[PDB]
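S.K.: Below is the file model_24.tsv, which contains TSV, C-alpha atoms and all ligand atoms.
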chain	number	residue	atom	x	y	z
S	1	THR	CA	8.26	7.85	-4.74
S	2	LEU	CA	6.80	8.13	-1.21
S	3	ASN	CA	5.83	5.14	0.98
S	4	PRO	CA	7.58	2.65	-1.39
S	5	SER	CA	6.69	-0.25	0.97
S	6	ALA	CA	2.98	0.74	0.78
S	7	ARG	CA	2.62	0.14	4.54
S	8	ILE	CA	-0.30	1.56	6.58
S	9	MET	CA	0.61	4.98	7.99
S	10	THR	CA	-0.65	6.69	11.14
S	11	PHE	CA	-0.99	10.48	11.47
S	12	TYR	CA	-1.26	12.79	14.51
S	13	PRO	CA	-2.55	16.17	13.27
S	14	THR	CA	-2.59	19.28	15.43
S	15	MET	CA	-5.99	20.97	15.76
S	16	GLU	CA	-4.85	23.53	13.15
S	17	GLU	CA	-3.95	20.79	10.65
S	18	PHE	CA	-7.12	18.84	11.54
S	19	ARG	CA	-9.58	21.67	10.75
S	20	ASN	CA	-9.70	21.39	6.94
S	21	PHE	CA	-10.66	17.78	6.13
S	22	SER	CA	-10.12	17.75	2.34
S	23	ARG	CA	-6.84	19.57	2.78
S	24	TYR	CA	-5.56	17.00	5.31
S	25	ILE	CA	-6.42	14.08	2.98
S	26	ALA	CA	-4.32	15.82	0.30
S	27	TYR	CA	-1.53	16.06	2.88
S	28	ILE	CA	-1.56	12.39	3.91
S	29	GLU	CA	-1.52	11.50	0.20
S	30	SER	CA	1.56	13.77	-0.25
S	31	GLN	CA	3.22	11.49	2.32
S	32	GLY	CA	2.22	8.35	0.32
S	33	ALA	CA	-0.53	7.12	2.69
S	34	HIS	CA	-2.89	6.13	-0.13
S	35	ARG	CA	-0.45	3.49	-1.39
S	36	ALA	CA	-1.38	1.26	1.58
S	37	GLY	CA	-5.12	1.52	0.74
S	38	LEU	CA	-5.78	2.34	4.40
S	39	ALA	CA	-4.53	5.00	6.87
S	40	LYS	CA	-5.12	5.88	10.50
S	41	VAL	CA	-5.60	9.46	11.71
S	42	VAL	CA	-5.49	10.05	15.47
S	43	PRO	CA	-7.30	13.33	16.13
S	44	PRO	CA	-5.99	15.93	18.60
S	45	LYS	CA	-6.71	15.27	22.30
S	46	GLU	CA	-8.85	18.44	22.58
S	47	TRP	CA	-11.25	17.16	19.93
S	48	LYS	CA	-14.48	15.32	20.78
S	49	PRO	CA	-17.47	14.76	18.42
S	50	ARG	CA	-19.99	14.25	21.25
S	51	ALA	CA	-19.99	15.16	24.95
S	52	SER	CA	-21.52	11.85	26.10
S	53	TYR	CA	-22.88	8.55	24.77
S	54	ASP	CA	-25.26	8.07	27.74
S	55	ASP	CA	-28.44	8.92	25.81
S	56	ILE	CA	-28.49	6.39	22.96
S	57	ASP	CA	-29.89	3.20	24.55
S	58	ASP	CA	-33.29	3.96	22.94
S	59	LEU	CA	-31.74	4.39	19.44
S	60	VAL	CA	-33.33	1.80	17.11
S	61	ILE	CA	-31.33	-0.62	14.95
S	62	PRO	CA	-34.05	-1.29	12.32
S	63	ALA	CA	-32.43	-4.26	10.55
S	64	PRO	CA	-29.74	-6.08	12.55
S	65	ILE	CA	-28.01	-8.88	10.65
S	66	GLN	CA	-27.05	-12.34	11.94
S	67	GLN	CA	-23.74	-13.33	10.24
S	68	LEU	CA	-23.75	-16.98	9.19
S	69	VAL	CA	-20.28	-18.00	7.91
S	70	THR	CA	-19.51	-21.14	5.89
S	71	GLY	CA	-16.07	-22.42	4.84
S	72	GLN	CA	-12.66	-23.74	5.89
S	73	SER	CA	-8.91	-23.37	5.35
S	74	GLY	CA	-8.95	-19.56	5.25
S	75	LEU	CA	-11.73	-19.23	2.65
S	76	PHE	CA	-15.30	-18.37	3.73
S	77	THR	CA	-18.62	-17.06	2.53
S	78	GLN	CA	-20.66	-14.86	4.91
S	79	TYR	CA	-24.49	-14.83	4.76
S	80	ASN	CA	-26.07	-11.76	6.39
S	81	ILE	CA	-29.56	-12.59	7.70
S	82	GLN	CA	-31.87	-9.69	8.64
S	83	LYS	CA	-33.40	-10.04	12.11
S	84	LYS	CA	-36.20	-7.98	13.69
S	85	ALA	CA	-35.53	-4.39	14.82
S	86	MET	CA	-33.96	-3.93	18.26
S	87	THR	CA	-32.74	-1.07	20.47
S	88	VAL	CA	-29.08	-0.31	21.33
S	89	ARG	CA	-29.90	-1.30	24.96
S	90	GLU	CA	-31.16	-4.69	23.68
S	91	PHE	CA	-28.12	-5.09	21.38
S	92	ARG	CA	-25.54	-4.26	24.06
S	93	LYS	CA	-27.10	-6.83	26.45
S	94	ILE	CA	-26.70	-9.59	23.87
S	95	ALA	CA	-23.19	-8.37	22.85
S	96	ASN	CA	-21.89	-8.49	26.44
S	97	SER	CA	-23.68	-11.72	27.49
S	98	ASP	CA	-21.66	-14.87	28.19
S	99	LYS	CA	-22.77	-16.38	24.88
S	100	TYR	CA	-21.47	-13.59	22.61
S	101	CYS	CA	-18.82	-11.67	24.60
S	102	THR	CA	-15.12	-11.31	23.68
S	103	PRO	CA	-12.99	-14.31	24.69
S	104	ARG	CA	-10.09	-13.96	27.15
S	105	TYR	CA	-6.72	-13.45	25.47
S	106	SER	CA	-3.22	-12.05	26.01
S	107	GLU	CA	-1.68	-10.62	22.82
S	108	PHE	CA	-3.67	-9.39	19.79
S	109	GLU	CA	-2.23	-12.21	17.65
S	110	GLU	CA	-4.06	-14.60	20.02
S	111	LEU	CA	-7.41	-12.85	19.49
S	112	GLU	CA	-6.83	-12.90	15.71
S	113	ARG	CA	-6.15	-16.69	15.74
S	114	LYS	CA	-9.37	-17.21	17.76
S	115	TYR	CA	-11.29	-15.08	15.21
S	116	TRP	CA	-10.08	-17.20	12.26
S	117	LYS	CA	-10.60	-20.45	14.22
S	118	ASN	CA	-14.12	-19.66	15.43
S	119	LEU	CA	-15.76	-17.38	12.84
S	120	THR	CA	-18.10	-20.16	11.52
S	121	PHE	CA	-19.40	-20.95	15.07
S	122	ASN	CA	-22.02	-19.15	17.17
S	123	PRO	CA	-23.06	-16.63	14.50
S	124	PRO	CA	-23.17	-13.07	15.88
S	125	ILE	CA	-25.48	-10.14	15.20
S	126	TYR	CA	-24.05	-7.01	13.60
S	127	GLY	CA	-26.07	-3.83	14.11
S	128	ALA	CA	-24.89	-2.57	10.70
S	129	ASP	CA	-25.98	0.13	8.22
S	130	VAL	CA	-28.03	2.28	10.62
S	131	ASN	CA	-28.95	5.69	9.14
S	132	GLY	CA	-27.64	8.32	11.52
S	133	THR	CA	-24.89	10.33	13.13
S	134	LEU	CA	-23.66	10.66	16.71
S	135	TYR	CA	-21.84	13.94	15.96
S	136	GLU	CA	-23.17	17.02	17.73
S	137	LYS	CA	-24.48	19.66	15.28
S	138	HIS	CA	-21.82	22.29	16.19
S	139	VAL	CA	-18.81	20.05	15.39
S	140	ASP	CA	-17.13	21.53	12.30
S	141	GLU	CA	-14.02	19.32	12.13
S	142	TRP	CA	-14.18	15.94	10.36
S	143	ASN	CA	-17.97	15.79	10.67
S	144	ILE	CA	-19.01	12.62	8.84
S	145	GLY	CA	-22.40	14.21	8.03
S	146	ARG	CA	-20.74	17.17	6.21
S	147	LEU	CA	-17.10	16.61	5.11
S	148	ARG	CA	-17.46	19.09	2.20
S	149	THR	CA	-15.73	17.04	-0.50
S	150	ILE	CA	-16.49	17.02	-4.25
S	151	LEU	CA	-18.75	13.95	-3.67
S	152	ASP	CA	-21.26	16.69	-2.70
S	153	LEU	CA	-21.67	17.41	-6.45
S	154	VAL	CA	-23.93	14.36	-6.70
S	155	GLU	CA	-26.65	15.75	-4.40
S	156	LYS	CA	-25.97	19.39	-5.39
S	157	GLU	CA	-26.42	18.82	-9.13
S	158	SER	CA	-28.91	15.93	-9.25
S	159	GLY	CA	-30.71	15.95	-5.87
S	160	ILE	CA	-29.76	12.28	-5.39
S	161	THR	CA	-29.18	10.86	-1.90
S	162	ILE	CA	-27.53	7.45	-1.61
S	163	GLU	CA	-27.76	6.26	2.01
S	164	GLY	CA	-24.35	5.46	3.52
S	165	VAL	CA	-22.52	6.89	0.51
S	166	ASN	CA	-23.39	10.62	0.73
S	167	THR	CA	-25.10	10.18	4.14
S	168	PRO	CA	-23.78	8.66	7.41
S	169	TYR	CA	-24.15	5.12	8.77
S	170	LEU	CA	-23.73	3.78	12.28
S	171	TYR	CA	-22.38	0.27	13.04
S	172	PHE	CA	-23.00	-1.43	16.38
S	173	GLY	CA	-20.55	-4.30	16.69
S	174	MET	CA	-20.09	-7.32	18.90
S	175	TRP	CA	-17.27	-9.86	19.09
S	176	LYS	CA	-16.54	-11.70	15.82
S	177	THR	CA	-18.82	-9.50	13.65
S	178	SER	CA	-17.06	-9.03	10.30
S	179	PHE	CA	-16.77	-6.99	7.15
S	180	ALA	CA	-15.92	-8.94	4.00
S	181	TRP	CA	-13.18	-8.04	1.48
S	182	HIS	CA	-14.31	-5.05	-0.60
S	183	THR	CA	-13.57	-1.71	-2.12
S	184	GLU	CA	-16.14	1.06	-1.72
S	185	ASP	CA	-19.04	1.62	-4.07
S	186	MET	CA	-17.73	3.35	-7.25
S	187	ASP	CA	-14.25	2.82	-5.69
S	188	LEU	CA	-14.72	5.88	-3.46
S	189	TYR	CA	-12.77	6.75	-0.32
S	190	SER	CA	-14.31	6.01	3.03
S	191	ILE	CA	-13.98	7.47	6.51
S	192	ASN	CA	-14.61	5.43	9.65
S	193	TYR	CA	-14.72	6.84	13.20
S	194	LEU	CA	-14.83	4.53	16.22
S	195	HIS	CA	-17.07	6.48	18.65
S	196	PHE	CA	-16.75	4.09	21.61
S	197	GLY	CA	-16.22	0.49	22.70
S	198	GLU	CA	-13.81	-2.32	21.83
S	199	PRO	CA	-11.39	-2.16	18.87
S	200	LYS	CA	-11.99	-2.81	15.18
S	201	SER	CA	-9.23	-4.66	13.29
S	202	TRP	CA	-8.51	-4.22	9.58
S	203	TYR	CA	-6.64	-5.86	6.76
S	204	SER	CA	-5.76	-3.96	3.59
S	205	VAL	CA	-4.28	-4.73	0.19
S	206	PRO	CA	-2.51	-1.90	-1.66
S	207	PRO	CA	-4.54	-0.55	-4.62
S	208	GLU	CA	-1.50	-1.32	-6.79
S	209	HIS	CA	-2.05	-5.04	-5.93
S	210	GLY	CA	-5.88	-5.03	-5.99
S	211	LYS	CA	-6.12	-6.84	-9.32
S	212	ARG	CA	-3.93	-9.60	-7.88
S	213	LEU	CA	-6.35	-10.15	-5.01
S	214	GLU	CA	-9.29	-10.28	-7.52
S	215	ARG	CA	-7.54	-12.90	-9.72
S	216	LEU	CA	-6.84	-14.98	-6.61
S	217	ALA	CA	-10.41	-14.68	-5.32
S	218	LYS	CA	-11.80	-15.63	-8.76
S	219	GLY	CA	-9.75	-18.85	-8.61
S	220	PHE	CA	-10.88	-19.59	-5.04
S	221	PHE	CA	-14.58	-18.98	-5.94
S	222	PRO	CA	-14.87	-19.74	-9.71
S	223	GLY	CA	-18.67	-20.11	-9.74
S	224	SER	CA	-19.29	-16.71	-8.14
S	225	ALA	CA	-16.88	-15.12	-10.64
S	226	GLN	CA	-18.67	-16.61	-13.69
S	227	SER	CA	-22.06	-15.27	-12.42
S	228	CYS	CA	-20.74	-11.78	-11.63
S	229	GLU	CA	-17.46	-10.12	-12.60
S	230	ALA	CA	-17.55	-7.89	-9.53
S	231	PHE	CA	-18.70	-10.63	-7.08
S	232	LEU	CA	-16.46	-9.19	-4.30
S	233	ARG	CA	-18.94	-6.28	-4.32
S	234	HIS	CA	-21.50	-8.68	-2.78
S	235	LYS	CA	-19.37	-8.31	0.40
S	236	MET	CA	-19.74	-12.03	1.24
S	237	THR	CA	-16.12	-13.13	0.76
S	238	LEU	CA	-13.75	-13.63	3.70
S	239	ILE	CA	-10.10	-14.62	3.14
S	240	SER	CA	-7.60	-15.05	6.00
S	241	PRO	CA	-4.19	-13.32	6.11
S	242	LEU	CA	-2.53	-16.82	6.11
S	243	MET	CA	-4.19	-17.46	2.73
S	244	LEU	CA	-3.04	-14.09	1.37
S	245	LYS	CA	0.51	-14.91	2.54
S	246	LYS	CA	0.37	-18.39	1.02
S	247	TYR	CA	-0.40	-16.85	-2.39
S	248	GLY	CA	1.95	-13.85	-2.29
S	249	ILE	CA	-0.69	-11.12	-2.01
S	250	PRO	CA	0.86	-8.06	-0.31
S	251	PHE	CA	-1.19	-6.80	2.65
S	252	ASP	CA	-1.00	-4.94	5.98
S	253	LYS	CA	-3.04	-5.02	9.19
S	254	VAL	CA	-3.98	-2.39	11.78
S	255	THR	CA	-6.21	-2.14	14.85
S	256	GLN	CA	-8.44	0.92	15.31
S	257	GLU	CA	-9.14	1.98	18.91
S	258	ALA	CA	-11.99	4.10	20.31
S	259	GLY	CA	-11.40	7.75	19.30
S	260	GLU	CA	-9.57	6.91	16.05
S	261	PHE	CA	-10.32	7.53	12.36
S	262	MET	CA	-9.54	5.18	9.50
S	263	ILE	CA	-9.47	6.33	5.87
S	264	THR	CA	-9.76	3.91	2.95
S	265	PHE	CA	-8.54	5.03	-0.47
S	266	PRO	CA	-9.89	4.39	-3.99
S	267	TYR	CA	-9.61	0.71	-4.96
S	268	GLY	CA	-8.08	-0.19	-1.57
S	269	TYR	CA	-9.44	-3.62	-0.67
S	270	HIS	CA	-10.13	-4.06	3.04
S	271	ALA	CA	-11.77	-6.49	5.45
S	272	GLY	CA	-11.85	-6.94	9.22
S	273	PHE	CA	-13.73	-7.67	12.41
S	274	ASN	CA	-14.90	-6.13	15.68
S	275	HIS	CA	-13.30	-7.22	19.00
S	276	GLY	CA	-16.41	-6.67	21.10
S	277	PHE	CA	-19.23	-4.23	21.76
S	278	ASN	CA	-18.52	-0.99	19.91
S	279	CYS	CA	-19.98	1.75	17.71
S	280	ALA	CA	-18.51	3.14	14.45
S	281	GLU	CA	-19.69	5.94	12.13
S	282	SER	CA	-18.88	5.97	8.41
S	283	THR	CA	-19.54	7.49	4.97
S	284	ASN	CA	-17.89	7.79	1.53
S	285	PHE	CA	-16.10	10.82	0.11
S	286	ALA	CA	-14.08	11.92	-2.94
S	287	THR	CA	-11.08	13.94	-4.11
S	288	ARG	CA	-10.23	14.95	-7.70
S	289	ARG	CA	-8.07	11.80	-7.99
S	290	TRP	CA	-11.18	9.61	-7.42
S	291	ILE	CA	-12.88	10.76	-10.66
S	292	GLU	CA	-10.75	8.45	-12.84
S	293	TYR	CA	-11.43	5.54	-10.46
S	294	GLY	CA	-15.16	6.34	-10.65
S	295	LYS	CA	-14.99	6.29	-14.46
S	296	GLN	CA	-13.28	2.90	-14.49
S	297	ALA	CA	-14.97	1.15	-11.52
S	298	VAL	CA	-16.10	-2.40	-12.37
S	299	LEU	CA	-19.61	-2.69	-10.92
S	300	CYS	CA	-21.95	-5.53	-9.91
S	301	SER	CA	-24.66	-6.03	-12.54
S	302	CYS	CA	-26.25	-9.22	-11.16
S	303	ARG	CA	-28.18	-7.61	-8.29
S	304	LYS	CA	-30.86	-4.92	-8.67
S	305	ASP	CA	-30.43	-1.29	-7.62
S	306	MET	CA	-26.71	-1.47	-6.72
S	307	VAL	CA	-24.88	1.83	-6.19
S	308	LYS	CA	-24.09	3.50	-9.51
S	309	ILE	CA	-23.06	7.18	-9.72
S	310	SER	CA	-23.26	9.16	-12.99
S	311	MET	CA	-19.72	10.38	-13.70
S	312	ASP	CA	-20.86	12.92	-16.34
S	313	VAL	CA	-20.94	15.95	-14.01
S	314	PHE	CA	-17.43	15.16	-12.70
S	315	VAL	CA	-15.84	14.65	-16.12
S	316	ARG	CA	-17.45	17.90	-17.40
S	317	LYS	CA	-16.33	20.01	-14.40
S	318	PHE	CA	-12.85	18.56	-13.75
S	319	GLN	CA	-11.83	16.93	-17.07
S	320	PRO	CA	-13.41	19.17	-19.77
S	321	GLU	CA	-10.63	18.32	-22.26
S	322	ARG	CA	-11.49	14.57	-22.04
S	323	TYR	CA	-15.31	14.87	-21.98
S	324	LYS	CA	-16.03	14.19	-25.68
S	325	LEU	CA	-13.31	11.48	-25.81
S	326	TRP	CA	-14.86	9.85	-22.75
S	327	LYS	CA	-18.44	9.99	-24.13
S	328	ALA	CA	-17.14	8.44	-27.39
S	329	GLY	CA	-15.73	5.56	-25.27
S	330	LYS	CA	-12.16	6.38	-26.32
S	331	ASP	CA	-10.78	7.64	-22.97
S	332	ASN	CA	-7.96	5.14	-22.40
S	333	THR	CA	-6.40	6.81	-19.33
S	334	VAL	CA	-4.36	4.33	-17.24
S	335	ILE	CA	-4.55	4.88	-13.48
S	336	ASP	CA	-1.26	5.24	-11.62
S	337	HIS	CA	-2.15	4.13	-8.06
S	338	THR	CA	1.06	5.71	-6.69
S	339	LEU	CA	0.14	9.29	-7.63
S	340	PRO	CA	-1.29	11.61	-4.96
S	341	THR	CA	-4.41	13.68	-5.70
S	342	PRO	CA	-3.76	17.00	-7.58
S	343	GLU	CA	-4.75	18.98	-4.42
S	344	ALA	CA	-1.55	17.66	-2.71
S	345	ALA	CA	0.56	19.91	-5.03
S	346	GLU	CA	0.42	22.53	-2.26
S	347	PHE	CA	2.44	20.20	0.03
S	348	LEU	CA	4.78	18.83	-2.67
S	349	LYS	CA	5.97	22.30	-3.80
Y	1	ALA	CA	-29.93	2.34	-3.99
Y	2	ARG	CA	-28.00	2.33	-0.70
Y	3	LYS	CA	-24.75	1.07	0.76
Y	4	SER	CA	-24.83	-2.36	2.40
Y	5	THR	CA	-22.54	-4.27	4.81
Y	6	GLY	CA	-23.14	-7.39	2.75
Y	7	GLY	CA	-25.72	-9.74	1.31
Y	8	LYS	CA	-26.91	-13.32	1.48
S	401	LIG	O1	-16.88	-1.11	10.05
S	401	LIG	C1	-17.26	-1.94	9.20
S	401	LIG	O2	-18.09	-2.84	9.39
S	401	LIG	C2	-16.66	-1.84	7.80
S	401	LIG	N1	-16.23	-0.47	7.48
S	401	LIG	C3	-15.81	-0.16	6.26
S	401	LIG	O3	-15.78	-1.01	5.37
S	401	LIG	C4	-15.37	1.27	5.91
S	401	LIG	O4	-15.41	2.14	6.80
S	401	LIG	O5	-15.00	1.48	4.71
S	402	CL	CL	-17.66	-20.73	-6.38
S	403	NI	NI	-15.35	-0.22	3.43
S	404	ZN	ZN	-23.02	-9.18	-8.63
Re-express the file's structure as C-alpha cells.

M.R.:
Amino acid sequence: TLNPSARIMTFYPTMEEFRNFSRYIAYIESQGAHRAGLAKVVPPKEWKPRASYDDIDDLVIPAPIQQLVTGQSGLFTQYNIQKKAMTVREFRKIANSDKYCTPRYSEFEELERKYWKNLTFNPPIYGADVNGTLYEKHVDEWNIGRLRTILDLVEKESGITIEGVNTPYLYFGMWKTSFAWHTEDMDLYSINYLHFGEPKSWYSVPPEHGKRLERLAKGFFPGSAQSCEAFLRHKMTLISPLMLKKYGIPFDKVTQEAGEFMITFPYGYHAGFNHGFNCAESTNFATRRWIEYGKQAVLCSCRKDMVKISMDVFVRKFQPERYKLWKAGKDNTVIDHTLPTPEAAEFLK
Amino acid sequence: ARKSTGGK
C-alpha cells in the first residue's frame, strides 16, 4: 500500500520522535520504508553521540583487511586479506596518502564511474570489524551498544554474545574500500552510523526482489552456487548497478554523509563503498516482523562457525500458536515483504 | 561465531 515504488526514503525526526528507537523503526515501516530494503534517518541537529573524535588515534585496528578484487564487466569477486594490527593514526596516514586518497571529481556520478573502473587496481585496506563503540556512555538515544530491541532475548535467555550482531563494530574506511552484496546474518536489520569523515555510498535491492538478485548471481557465478546455496553470505560478490540494470533487477542508491544513520531491513540486499577516510559504527537488531525471516533464513553451511541464532525462544514468546507446528516442520507461513511490523499498528490506526 | 565484512 505505502511506498509502492519501493524507493529509499529519508526521515528527519524531531528529538521527541528520535528518543524511542524501536518505536521510530515501527513508524518508518508504517510509511513503507522497509520496502526499499534501506532507509536514511537524519538525526536532530541537537543530537551528538560523542563530544570529540580527537582522542582515538591510539585505538587499535587488530585485523585490517587488504581488499583484492578480481573480475570485469560489472562482475567481481573480492578477497579480504588480513594484515597486521595497526593504530587509527597509522591507518589515517595511509588512507590520506597520495597512493590511496580519494581522486578528484566533480559530480558523484563521476566518483561512482571511477569506483567501478578502478576497483581491481591498487587494493586498499579496510579497517573493518573492530569491536567497539565511539558513543559516550550517557547517550540514551539510538545508542548502537544498547538499542533495546527484541534481539536482546538472545543474550538475556541464553547468555550468548555474537560479536557485531548483538555487540557493536567500528569500520575505518579509505577510498574504494567496499562491502559486497549481502543481507544480514539471520536476515536481521542493521543500523549504521557514520561518525566522521568522507561519505559511504550504498546500493539496495527491495526485499520483494531479493530472490531475483540471487537467481541472477547464481547464473553469474554457477560454481560458487553449486558449492554453497547461500554463497552471497560469503560477502565476496560485487555486482555493478549497470549489470543490475542490464538484467532488470530493481534497485536504488543513496549516499550517507557524516552524522547520518542508515537502516537495512530483513532480506534487504545491499552493497557499497567508502569515498575516503571515514569511521562508521554498526550492529544488528530485530523487530517482531523479523522472527519469520529468522525462521526462514537460508544460511551458509560450507564454512565453519557461521552466525546461526536459535529461533526457539522467539517462536515460543511471540508465536505460541505456531510453536508445535513449527517444531514439526509444518509451519508454511509465506512472508509478505510489503507488510510493516505489528508494532506499527499504533501509527496505522 | 562473529559477524564478518567478508572472506577470502
Ligand atoms: O559499512 C560497511 O562496510 C557495510 N555496512 C553494512 O553492511 C551494514 O551496516 O549493514
Ligand atoms: Cl563460479
Ligand atoms: Ni550489511
Ligand atoms: Zn557457504

S.K.: Which distance in Å separates atom CA of residue S:340 and atom CA of residue S:29, to one decimal?

M.R.: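 If I compute the distance from atom CA of residue S:340 to atom CA of residue S:29, I get 5.2 Å.
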
S.K.: If you count only C-alpha atoms and all ligand atoms, which residues end up within 6 Å of ligand ZN 404 (chain S), as a list in words?

M.R.: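 Answer in the requested format: residues 228, 230, 231, 300, 301, 302 and 303 of chain S.
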
S.K.: Residues within 6 Å of ligand LIG 401 (chain S) (all atoms listed in the file), as a list in words?

M.R.: residues 179, 190, 191, 192 and 282 of chain S

S.K.: Within 8 Å of ligand NI 403 (chain S) (counting only C-alpha atoms and all ligand atoms), which residues show up? I'd like them as a ChimeraX atom specification.

M.R.: /S:179,182-184,190,264,269-271

S.K.: Set the cut-off to 10 Å, count only C-alpha atoms and all ligand atoms, and list whatever residues fall near ligand CL 402 (chain S) as a list in words.

M.R.: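 Answer in the requested format: residues 77, 217, 218, 219, 220, 221, 222, 223, 224, 225, 226 and 227 of chain S.
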
S.K.: Could you pull out every residue with an atom within 12 Å of (1.2, -0.5, -6.8), file coordinates, counting all atoms listed in the file, and send them as a ChimeraX atom specification?

M.R.: /S:1-7,32,34-37,205-212,249-251,267-268,335-339

S.K.: For chain S against chain Y, which residues fall within 6 Å using all atoms listed in the file, given as a PyMOL selection string?

M.R.: chain S and resi 79-80+162-164+234-236+305-307

S.K.: At what distance in Å, to one decimal, does atom CA of residue S:125 lie from atom CA of residue S:59?

M.R.: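 Atom CA of residue S:125 lies at a distance of 16.4 Å from atom CA of residue S:59.
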
S.K.: Calculated over only C-alpha atoms, which of the candidates S:139, S:334, S:33, S:216 has the smallest distance to residue S:49?

M.R.: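 Checking each candidate against residue S:49, we get S:139 as the closest.
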
S.K.: Quick one, how far is atom CA of residue S:331 from atom CA of residue S:27?

M.R.: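 Separation between atom CA of residue S:331 and atom CA of residue S:27: 28.7 Å.
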
S.K.: Can you tell me which residues surround residue S:14 at a distance of at most 12 Å, considering only C-alpha atoms, apart from same-chain residues fewer than 6 positions away, and format the answer as a PyMOL selection string?

M.R.: chain S and resi 20+24+41-47+141

S.K.: Here is a test: counting only C-alpha atoms, which residue of S:126, S:175, S:116, S:196 is nearest to residue S:75?

M.R.: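 Among the listed residues, the smallest separation from residue S:75 belongs to S:116.
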
S.K.: Choose the residue, out of S:257, S:110, S:252, S:129, that has the smallest atom-to-atom separation from residue S:63; count all atoms listed in the file.

M.R.: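 Going through S:257, S:110, S:252, S:129 one by one, the smallest distance to residue S:63 is for S:129.
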
S.K.: So which one's closest to residue S:156, S:28, S:85, S:313, S:69? Using only C-alpha atoms, please.

M.R.: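 Looking at the shortest contact to residue S:156, the residue is S:313.
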
S.K.: Within 8 Å of residue S:286, counting all atoms listed in the file, which residues show up once you throw out same-chain ones fewer than 3 positions away? Write them as a list in words, please.

M.R.: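 Listed by chain and then number, they are residues 149, 150, 151, 188, 189, 289, 290 and 291 of chain S.
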
S.K.: Those selected residues, please, written with C-alpha atoms and delivered as a JSON list (two decimals), in the coordinates of the input.

M.R.:
[["chain", "number", "residue", "atom", "x", "y", "z"],
["S", 149, "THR", "CA", -15.73, 17.04, -0.50],
["S", 150, "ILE", "CA", -16.49, 17.02, -4.25],
["S", 151, "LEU", "CA", -18.75, 13.95, -3.67],
["S", 188, "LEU", "CA", -14.72, 5.88, -3.46],
["S", 189, "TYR", "CA", -12.77, 6.75, -0.32],
["S", 289, "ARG", "CA", -8.07, 11.80, -7.99],
["S", 290, "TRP", "CA", -11.18, 9.61, -7.42],
["S", 291, "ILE", "CA", -12.88, 10.76, -10.66]]

S.K.: Find the residues around residue S:333 up to 12 Å (all atoms listed in the file counted), leave out those fewer than 4 positions away in its own chain, and share them as a list in words.

M.R.: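 Residues near the query, excluding close chain neighbours: residues 291, 292, 293, 295, 296, 319, 322, 325, 326 and 329 of chain S.
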